[PDB]
Amino acid sequence: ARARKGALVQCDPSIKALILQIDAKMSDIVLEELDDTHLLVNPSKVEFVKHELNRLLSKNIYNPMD
Amino acid sequence: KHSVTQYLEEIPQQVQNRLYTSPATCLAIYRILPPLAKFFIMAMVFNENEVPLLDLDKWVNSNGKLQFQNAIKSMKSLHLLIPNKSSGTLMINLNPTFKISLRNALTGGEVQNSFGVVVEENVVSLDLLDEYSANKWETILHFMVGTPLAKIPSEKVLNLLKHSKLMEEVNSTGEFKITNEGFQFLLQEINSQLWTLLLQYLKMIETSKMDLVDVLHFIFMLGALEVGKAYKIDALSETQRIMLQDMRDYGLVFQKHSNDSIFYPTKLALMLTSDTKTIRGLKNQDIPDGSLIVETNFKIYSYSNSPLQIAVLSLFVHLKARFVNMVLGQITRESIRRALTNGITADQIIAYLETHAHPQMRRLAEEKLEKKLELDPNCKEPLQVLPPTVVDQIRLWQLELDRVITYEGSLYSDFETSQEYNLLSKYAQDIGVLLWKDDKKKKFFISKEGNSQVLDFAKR
Amino acid sequence: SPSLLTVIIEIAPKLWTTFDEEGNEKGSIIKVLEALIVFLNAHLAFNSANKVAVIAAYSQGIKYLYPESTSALXXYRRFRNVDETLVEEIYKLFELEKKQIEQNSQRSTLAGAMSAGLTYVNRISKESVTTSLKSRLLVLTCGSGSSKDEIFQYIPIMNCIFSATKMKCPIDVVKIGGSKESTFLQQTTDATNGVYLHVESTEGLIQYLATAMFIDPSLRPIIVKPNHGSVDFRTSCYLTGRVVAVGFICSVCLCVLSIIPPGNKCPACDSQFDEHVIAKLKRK
Amino acid sequence: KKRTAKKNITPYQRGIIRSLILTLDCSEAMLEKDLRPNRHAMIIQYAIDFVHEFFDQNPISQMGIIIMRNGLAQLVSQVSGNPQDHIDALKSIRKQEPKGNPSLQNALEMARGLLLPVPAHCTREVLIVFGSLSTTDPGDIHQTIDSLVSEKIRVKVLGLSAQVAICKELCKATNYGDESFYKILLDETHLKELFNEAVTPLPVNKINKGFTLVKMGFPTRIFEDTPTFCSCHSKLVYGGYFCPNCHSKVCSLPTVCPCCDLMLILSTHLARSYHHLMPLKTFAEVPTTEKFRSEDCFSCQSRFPXXXXXXXXXXXXXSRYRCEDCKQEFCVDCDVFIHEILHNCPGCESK
Ligand SMILES: [Zn+2]
Ligand SMILES: [Zn+2]
Ligand SMILES: [Zn+2]
Ligand SMILES: [Zn+2]
Ligand SMILES: [Zn+2]
């Protein structure tokens, strides 16, 4: 029973489609994807993509709420 | 929860064997075991004969055997046992180093760790060394997260906590704030704070002059009970006594004056080991000395207000004036985002609010709870327990901070027979481990629970 | 959820003498006592401060031993004191041993003893309303002589069960002596969903203790090890003393008899019974 | 300042083998907001409790349920020894709602013929839950009153916080002309005790009647599980019993045999009546000063009994409930619970 596991993150591909090249920008530690709703990462380095996940989302948005 | 027990098993065999040497250490770790591991291990302590798993596989009746599968993975983790892949079965026997190590202590053992402390006149009073020790914990508790007065002198702890970054404060600016760990530190009621502290003491003081096993005897010397007389005098290693001095320094050891006397058994050391009643200048009213307002009305209304106790509450709600009775404020879905301003989700707050300020919400939480458990099969209308309207008020407050979804598990494939899948389909519905699945793919990202229950139904 | 193990142990010196009489005097229930105490310490050591109680029933009275009602007014340092305090009780009860102690052999205060502790347990359960303990008790019998099967106390024994079943508590019992397999205990422990075993006297039973008495408190996830069958063909014809299987109740008196009764005034209540009903019964 | 019966005239014939079919009202009257959900829903909550307890305290009895809706009475449960069929019935009845008005006489006669197959030893009795102030009778009630008393069936009923004279007369008429059976409620706990006192058998003074002996046998449990096979329900039973006479594999049931039709009972039900049959006298609260007994409880260890000349704290009372027969004390918590659960006076048990 051999398992081709990985740091699975399930979501829509929308911001993931961003993340794809963005990963290639951030050195792309999201490794494997059997199907589009999935993303597998490197355990020593899972969160660095999720770092700018906040950073890109908060850089200028800043909640003006006029 | 980092689940220090997981760290406990995390240590390798030989250091476990190094810790297996002391019956007192062997004794204390026993209480961590589940009743499965508790009772069953006791059996092999006496009958000196390795038992193949097939007997134990046969021992457990219907549902409850998963705990055995939980147990076997657990015991392997700390290697308390010795699995033997001898005859195709699993010929299991104890690790007598611990097994016979505690076995002596079972019938009046010679475990010097158990006898290191000297039973003497434990003159430590109720308030004396407890009011100070609790005041020490309270004083550092205010100082650590940031209170009106930061009287905590644990610079090494501050260096360790700041170095560990658990207290999310700007050490460069001298900030001592509750970060994700620090705010999470608010989650740890009594032991949890001490656990991360114990981990912090372990993580901080673990490399240089470790002597941890010797310290562990001192640790479990503190963990065992109040030292009484001759504790610091006799039962104290270089690391153990220094750690005991370090433990005594943090108030967790209520050592006598002049720092040189028999062990002063303060309540603090036992309580983290206890998981029980967490009760601690000359006036102290409790528990209701500190209280706040939180109910379905979604408002703060205090009639007691303890500055350190209320300091916790104000971090997620605007405060107007700390009355003699009241901490004047109103909770808003934006107000809870002040915690989210730090990034602290009001998720620990869910239990915490039902836990903290209850001294002023005894009636309200009880009117919320209403003992609506036996009537649940009969009456299907709960009374805001736990408040879902607040949860709704809470849940959409998080709408400001959105866009996160992920799940834990493992990739599962190479599945062919649908009968068993259909069999497991209801059986998984019978065992309820389903995060999500799909017959269209026969694939899921969940734990290893389903296989083992299928493993041990009728196999051997 | 901790447990409250309340040992209800009979203390009959004749039974202790029988314990010496059966087999040899190669070690009395003191050896059994030796096994108990260390095994007893395992209970508290098992769960998070799972409390206990100890009561013993002599021929002319009973008394708590561990509970230690106000009288004055190692092993974690708790077992040392608790057992030693208990140790004094038995030796105090050793002083409570003379011809007057040996006199009231007609009386049997064990019947009250089994019931009495439960109230105290319930009283303990009452005060321990918070943090309810999944408790279970233990009872021990040194197989004695001069009484093959005491029956006067059996009637209250039945009453305890209904309360005990209502009290929701299993009980372990072991008979130690002559192989008089007490159906009462066989039924009762089965009725209370416990265990009955008739072990021998001089064997070292701590393994028996630690194994056979490590089951009930809260878990019961394991295959049970019951004794032989628990048939419920109930008490003998009170008039005859021989077991009846086709029940024959006299009247509201409920007297348990065989086909014996004369159709009037059973030997448990002065109630003449309807001859026409008897004649209808006699139609067979 | 004590609320106790002066003496308990139990000593003899009571209602033990019972055939009670309690009748409820399912009308607009039960719909009103007198109790927190309403009368009926809280009553259904209240009524559910007694069922098992009735079968608990009186497993030797049989019981069905009848309701009254829209000026008509409706049976809703079969007279049986199993709570569950009765229990599961109320769940639907809980989800069912009372409607219209009750028909007393419809319940009067439906229950009347219902109790006809009841044997003489099984004691016939009926209890009523009524909320309205008027009935719906297709005929002369006094005739039915006459019919019922001719059937020698005493009856206790409990209306709401009010009185109906004929119902006061009916409980009188049913009960040998003795009116002690139209007690009504004034509070939910005062209603709760009504359940609590209802489970008790009914001795007052039974007229010297034909008293019948009973013959039966005990059942013998089946052991095999894989051999699953049933006869009383034509099912597969993974464990059962055996009739003493017909010797049929019968599921766990203290009821009557289904083949040769004999009662199957082991021991438990029997002694339930026994403590009911011959209860004890209440543990007399020994005086604060005139007792001067051991400063502790007897059944339990309650060292505190008073307060020792503490102004009024000691002048209050002395928790010294002492059983007279044993001449031994008991703490009130112990003593009350003793008389509550297990008579079994250890002082009287020890001799
Ligand atoms: Zn009789
Ligand atoms: Zn059946
Ligand atoms: Zn039959
Ligand atoms: Zn008492
Ligand atoms: Zn008495």
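Just so you know, all these numbers are worked out from the coordinates, no wet-lab data involved. We place every Cβ from the backbone using ideal geometry, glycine too, and count neighbours over all the protein chains shown.
With respect to D:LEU194, is the statement that it is crowded, with 16+ Cβ neighbours inside 10 Å and away from chain C (no Cβ under 14 Å) true?
On the way: crowded, with 16+ Cβ neighbours inside 10 Å: yes; away from chain C (no Cβ under 14 Å): yes.
Considered against the rule, which asks whether it is crowded, with 16+ Cβ neighbours inside 10 Å and away from chain C (no Cβ under 14 Å), D:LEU194 comes out as yes.
Considering only residues that are within 14 Å of chain D (Cβ to nearest Cβ) and either over 18 Å from C:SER69 (Cβ atoms) or in contact with a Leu (Cβ under 9 Å, 6 or more places away or on another chain) (or both), which ones fall in the stretch C:123-144? Steps first, please.
First pass over the stretch C:123-144, keeping only residues within 14 Å of chain D (Cβ to nearest Cβ): C:123-129.
Within the stretch C:123-144, C:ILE124, C:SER125, C:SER128, C:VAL129 meet the criteria.
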Original post:
Residues in the stretch B:135-159 that are surrounded by fewer than 19 Cβ atoms within 10 Å (Cβ to Cβ) and either part of a loop (DSSP other than H, G, I, E, B) or among the aliphatic types (A, V, I, L, M) (or both): how many?
Top reply: 6
**OP:** Could you please find all residues in the stretch D:236-275 being surrounded by 18 or more Cβ atoms within 10 Å (Cβ to Cβ), within 16 Å of ligand 1 (Cβ to nearest atom) and not aliphatic (A, V, I, L, M)?
**Re:** D:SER273
Original post:
Of all the helices (runs of 4 or more DSSP H) wholly in the stretch D:252-351, which have at least 1 residues that are within 14 Å of ligand 5 (Cβ to nearest atom) and among the acidic types (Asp, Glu)?
Top reply: D:332-340, D:346-349
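Which of the helices (runs of 4 or more DSSP H) found entirely inside the stretch B:370-460 contain at least 3 residues meeting this: closer than 30 Å to A:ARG4 by Cβ and away from every other protein chain (no Cβ under 14 Å)?
Values: elements: B:388-395, B:418-431, B:449-455.
Hits in the stretch B:370-460: B:418-431.
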**OP:** Return yes or no: is C:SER218 within 8 Å of another protein chain (Cβ to nearest Cβ) and touching a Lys or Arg at 6+ places or on another chain (Cβ under 8 Å)?
**Re:** yes
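Restrict the check to the stretch D:256-266 and report whether at least one residue is away from ligand 3 (no atom under 16 Å from the Cβ), within 11 Å of chain C (Cβ to nearest Cβ) and of a type outside the set (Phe, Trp, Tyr). Reasoning before the result, please.
Filtering the stretch D:256-266 down to residues away from ligand 3 (no atom under 16 Å from the Cβ) leaves none.
Scanning the stretch D:256-266 turns up no residue that is away from ligand 3 (no atom under 16 Å from the Cβ), within 11 Å of chain C (Cβ to nearest Cβ) and of a type outside the set (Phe, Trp, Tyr).
Given the structure, is D:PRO305 under 28 Å from C:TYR64 (Cα atoms) and either within 16 Å of ligand 1 (Cβ to nearest atom) or surrounded by fewer than 16 Cβ atoms within 10 Å (Cβ to Cβ) (or both)? Steps first, answer last, please.
Numbers: under 28 Å from C:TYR64 (Cα atoms): yes; either within 16 Å of ligand 1 (Cβ to nearest atom) or surrounded by fewer than 16 Cβ atoms within 10 Å (Cβ to Cβ) (or both): no.
For D:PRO305, the condition - under 28 Å from C:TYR64 (Cα atoms) and either within 16 Å of ligand 1 (Cβ to nearest atom) or surrounded by fewer than 16 Cβ atoms within 10 Å (Cβ to Cβ) (or both) - is not met.
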**OP:** Would you list the helices (runs of 4 or more DSSP H) that sit entirely within the stretch C:1-109 and hold 2 or more residues that are under 28 Å from C:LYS168 (Cα atoms) and among the hydrophobic types (A, V, I, L, M, F, W, C)?
**Re:** C:29-46, C:78-95
**OP:** Please find, within the stretch D:270-307, the residue that is farthest from ligand 3 (Cβ to nearest atom) out of those that are within 14 Å of chain C (Cβ to nearest Cβ) and aliphatic (A, V, I, L, M).
**Re:** D:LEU280
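To keep it simple, each residue is scored yes or no on (1) loosely packed, with under 12 Cβ neighbours inside 10 Å; (2) more than 21 Å from the chain's Cα centre (by Cα).
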position: D:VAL129; (1), (2): no, no
position: D:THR136; (1), (2): no, yes
position: D:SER150; (1), (2): yes, yes
position: D:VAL155; (1), (2): no, no
Original post:
Residue check, D:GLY81 against (1) surrounded by 20 or more Cβ atoms within 10 Å (Cβ to Cβ); (2) under 22 Å from D:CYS122 (Cβ atoms), all met but one. Which one?
Top reply: (1)
Subject >> Subset of the stretch A:37-53 (residues that are out of contact with any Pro (no Cβ under 8 Å at 6 or more places or on another chain), assigned to a loop (DSSP other than H, G, I, E, B) and under 17 Å from A:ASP12 (Cα atoms)) >> reply: A:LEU40
Original post:
Out of curiosity, is A:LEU34 within 13 Å of chain B (Cβ to nearest Cβ), surrounded by 11 or more Cβ atoms within 10 Å (Cβ to Cβ) and outside any strand (DSSP E or B)?
Top reply: yes
Original post:
Out of (1) at the interface with chain D (Cβ under 10 Å from one of its Cβ atoms); (2) surrounded by 14 or more Cβ atoms within 10 Å (Cβ to Cβ); (3) of a type in the set (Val, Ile, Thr), what's the single condition that is false for C:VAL52?
Top reply: (1)
**OP:** Enumerate the pairs (first residue in the stretch D:324-335 and on the phi < 0 side of the Ramachandran plot; second residue anywhere and part of a helix (DSSP H, G or I) and within 6 Å of ligand 4 (Cβ to nearest atom)) with beta-carbon separation below 9 Å, excluding pairs fewer than 6 apart on the same chain, so at least 6 apart or on different chains.
**Re:** D:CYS331/C:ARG123; D:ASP333/C:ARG123; D:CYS334/C:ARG123
Subject >> Extreme residue, nearest to B:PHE39 (Cα to Cα), among residues of the stretch C:166-207 that are in contact with a helix residue (DSSP H, G or I) (Cβ under 8 Å, 6 or more places away or on another chain) and in a helix (DSSP H, G or I) >> reply: C:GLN207
**OP:** With respect to D:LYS209, determine if the residue is under 30 Å from C:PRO262 (Cβ atoms), of a type in the set (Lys, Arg), more than 16 Å from ligand 3 (Cβ to nearest atom) and part of a loop (DSSP other than H, G, I, E, B).
**Re:** yes
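Go through the stretch D:323-346 residue by residue and tally those that are within 12 Å of ligand 4 (Cβ to nearest atom) and farther than 22 Å from D:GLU197 by Cβ. Break it down stepwise before answering.
Here is the first cut: in the stretch D:323-346, the ones within 12 Å of ligand 4 (Cβ to nearest atom) are D:328-338, D:346.
Those still in the list that are farther than 22 Å from D:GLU197 by Cβ too: D:328-331, D:334, D:346.
Total meeting the criteria: 6.
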**OP:** Determine if the stretch D:282-295 includes at least one residue that is surrounded by fewer than 20 Cβ atoms within 10 Å (Cβ to Cβ), of a type in the set (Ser, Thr, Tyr), under 25 Å from D:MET63 (Cβ atoms) and over 28 Å from the mean Cα position of the chain (by Cα).
**Re:** no
Original post:
So which residues in the stretch B:1-26 are among the small types (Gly, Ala, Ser) and within 20 Å of the chain's Cα centre (by Cα), if there are any at all?
Top reply: B:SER3
**OP:** Give me a count of the residues in the stretch C:225-244 that are loosely packed, with under 14 Cβ neighbours inside 10 Å and of a type in the set (A, V, I, L, M, F, W, C).
**Re:** 1
Original post:
What number goes with the only condition from (1) small (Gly, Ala, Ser); (2) in contact with a helix residue (DSSP H, G or I) (Cβ under 7 Å, 6 or more places away or on another chain); (3) within 11 Å of chain C (Cβ to nearest Cβ) that B:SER133 does not pass?
Top reply: (3)
